[PDB]
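Heads up, the chain below is alone and in the form deposited in one PDB entry; it's given as structure tokens.
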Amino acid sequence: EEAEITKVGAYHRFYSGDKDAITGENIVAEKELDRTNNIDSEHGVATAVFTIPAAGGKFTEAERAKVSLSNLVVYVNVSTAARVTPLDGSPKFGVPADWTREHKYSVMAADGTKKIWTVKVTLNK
């Protein structure tokens, strides 16, 4: 029945300086960004403001300076049993993508009710 966005989160995904001893590949790390969310249900607008968390572990001071709105991993939480689909040129959730502009999504409820959502994300450096 419900086709809502309930949360908008983001990660900075990056190559740590560590290498796998067998494959020789650089190991990937991910850091969740701090957030504020503004969910406007009436207008189907989900807004998030991300801030860069303090340095720690492989998320060094140098890596904090690499966090970019043009290459951000965004994820959403939706209503129980709802399915979200990107519209037009919208990036997929869970993949590094350009989030400098807002993007539209179709959220489909368990009963098949569809609701168009606009996701708008900013980064405060």
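Residue indices: 1-based, along the sequence shown. Residues that one form lacks are left out of the comparison. If you superpose the two forms and keep the largest set of C-alpha atoms that fall within 1.5 Å, you have the rigid core.
When the mean C-alpha temperature factors of 62 to 70 and 78 to 86 are read from the deposited coordinates, 78 to 86 comes out higher. Stretches 98 to 106 and 9 to 17 differ in mean C-alpha B factor, with the higher average recorded for 98 to 106. Per the PDB record, residue ranking by Cα B-factor puts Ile52 in the middle third of the chain.
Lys31 sits in the lowest third of its chain by CA B factor, as recorded in the PDB entry.
As for the form deposited in another entry, it is not shown, yet the points below apply to it.
Superposing the rigid core between this form and the one not shown leaves a single residue from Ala81, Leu87, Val28, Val95 with a C-alpha shift of at least 2 Å: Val28. Core-superposed comparison between this form and the one not shown: the CA of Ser106 stays below a 2 Å shift. Core-aligned CA deviation for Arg13 between this form and the one not shown: 2 Å or greater. Superposition on the rigid core leaves 12 to 30, 61 to 66 as the runs of at least three consecutive shared residues whose Cα positions differ by 2 Å or more between this form and the one not shown.
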